[PDB]
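Remarks on the structure that follows.
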Amino acid sequence: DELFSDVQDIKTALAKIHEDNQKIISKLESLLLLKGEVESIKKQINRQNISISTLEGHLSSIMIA
Amino acid sequence: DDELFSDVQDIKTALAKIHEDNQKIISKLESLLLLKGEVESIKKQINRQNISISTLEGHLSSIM
Amino acid sequence: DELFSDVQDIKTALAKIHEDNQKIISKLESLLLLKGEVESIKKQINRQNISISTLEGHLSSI
Amino acid sequence: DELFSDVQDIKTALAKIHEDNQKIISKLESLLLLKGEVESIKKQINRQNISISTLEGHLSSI
Numbered sequence: 309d310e311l312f313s314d315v316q317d318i319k320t321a322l323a324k325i326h327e328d329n330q331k332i333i334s335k336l337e338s339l340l341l342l343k344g345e346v347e348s349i350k351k352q353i354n355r356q357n358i359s360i361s362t363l364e365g366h367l368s369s370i371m372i373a
Numbered sequence: 308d309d310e311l312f313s314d315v316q317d318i319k320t321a322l323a324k325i326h327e328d329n330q331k332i333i334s335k336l337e338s339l340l341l342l343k344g345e346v347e348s349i350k351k352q353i354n355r356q357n358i359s360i361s362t363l364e365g366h367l368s369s370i371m
Numbered sequence: 309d310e311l312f313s314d315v316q317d318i319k320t321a322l323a324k325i326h327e328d329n330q331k332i333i334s335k336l337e338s339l340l341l342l343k344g345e346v347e348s349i350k351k352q353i354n355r356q357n358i359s360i361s362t363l364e365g366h367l368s369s370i
Numbered sequence: 309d310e311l312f313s314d315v316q317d318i319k320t321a322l323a324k325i326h327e328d329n330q331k332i333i334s335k336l337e338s339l340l341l342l343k344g345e346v347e348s349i350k351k352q353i354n355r356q357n358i359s360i361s362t363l364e365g366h367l368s369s370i
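Here you go:
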């Protein structure tokens, strides 16, 4: 009957929500990789700050002639 | 059967709500995924910046 | 009916998935405020780069 | 019945999307760490600005 048509509609919308959940999960995964790169950026800027300090060190030597 | 029909309709309503949740969630993830290109561009500027410090570290010795 | 209790559990489980999705949506909305942060960062960096170069120019004149 | 087994199929598929949600929850939790990575970078760029101003101050003095 119309009950069987309905029961197959529930099954199919459940299968479609499952399939979109896999795509949402991939996009989350790809953002998590981007978190790894943002972590490396954090690390590179700290290394740059260490370097600016060397500059400043030599610049102090120049100022005292 | 009137009760089962009405309950089955509840399940279908509930699925349509979850389908709409999925679509709102997919939309916010696609807006976030724009960060990818911004982070690639930041990687390039950091490298450009590293180079520039070395040009500086050096000049500060030909002077010194 | 075992069938009635089954349909009730099915209803309860869906409403819980839907209630949990609301929390997922607000948290994701809260991450979109990062686009403004990361952009402010891109601008900061370009400005620092410019400055370092502006420093080399001054060094040449010394 | 044909029906009982179909309703079992629905329960199985429902368990799956509950499963999906747990995995979306755990990933999202991990992603939320990004806000703190971005805030840390902002602090680091502030400190860099300061350290550059110092350097220009010194080139100014010379």
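Residue numbers (the authors' numbering), protein chains in the order written: chain F, 309 to 373; chain G, 308 to 371; chain H, 309 to 370; chain E, 309 to 370. Using N, Cα and C, we set each Cβ at its ideal position, and we do this for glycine too.
CA-to-CA distance, residue 346(G) to residue 354(F), given in whole angstroms: For residue 354(F) and residue 346(G), the distance between alpha carbons rounds to 17 Å.
Please classify residue 308(G): does DSSP put it in a helix, a strand, or coil? It is coil, neither helix nor strand.
In or out: residue 313(E) buried (at least 16 other Cβ within 10 Å) or exposed? So residue 313(E) ends up on the exposed side.
C-alpha distance - residue 327(H) paired with residue 316(F), whole-angstrom precision: The C-alpha of residue 327(H) lies about 25 Å from the C-alpha of residue 316(F).
Please state whether the Cβ-Cβ distance between residue 343(F) and residue 336(E) is less than 7 Å. Residue 343(F) places its beta carbon 7 Å or farther from that of residue 336(E).
Proximal residues of chain H, C-beta to C-beta of residue 321(G) below 8 Å: From the beta-carbon of residue 321(G), the residues of chain H found nearer than 8 Å are 319, 322, 323 and 326.
From the DSSP output, in three-state form, read off residue 371(F) for me. Residue 371(F): helix per DSSP, three-state reduction.
Checking 7 Å against the spacing of the C-beta atoms, do residue 349(G) and residue 350(H) come in under that value? Between residue 349(G) and residue 350(H), the CB-CB gap stays under 7 Å.
Looking at residue 322(E): is its Cβ nearer than 7 Å to the Cβ of residue 321(H)? Contact annotation: residue 322(E) and residue 321(H) have beta-carbon atoms nearer than 7 Å.
If we ignore side chains and look at the alpha-carbon of each, how far apart do residue 338(E) and residue 333(G) end up? Distance from the CA of residue 338(E) to the CA of residue 333(G), rounded to the nearest whole angstrom, comes to 18 Å.
For residue 325(F) and residue 361(H), what's the separation of their Cα atoms in angstroms? Rounded to the nearest angstrom, the two C-alpha atoms are 53 Å apart.
Given a cut-off of 7 Å, decide if residue 366(E) and residue 367(F) are closer than it, judged by their beta-carbon atoms. In this structure, residue 366(E) lies closer than 7 Å to residue 367(F) by Cβ.
Would residue 358(H) pass as an interface residue toward chain G - the criterion being a Cβ-Cβ separation below 7 Å? It does not; no Cβ of chain G falls within 7 Å.
Using a beta-carbon distance below 7 Å, is residue 345(G) in contact with chain H? Chain H, which has a Cβ nearer than 7 Å to the Cβ of residue 345(G), makes this yes.
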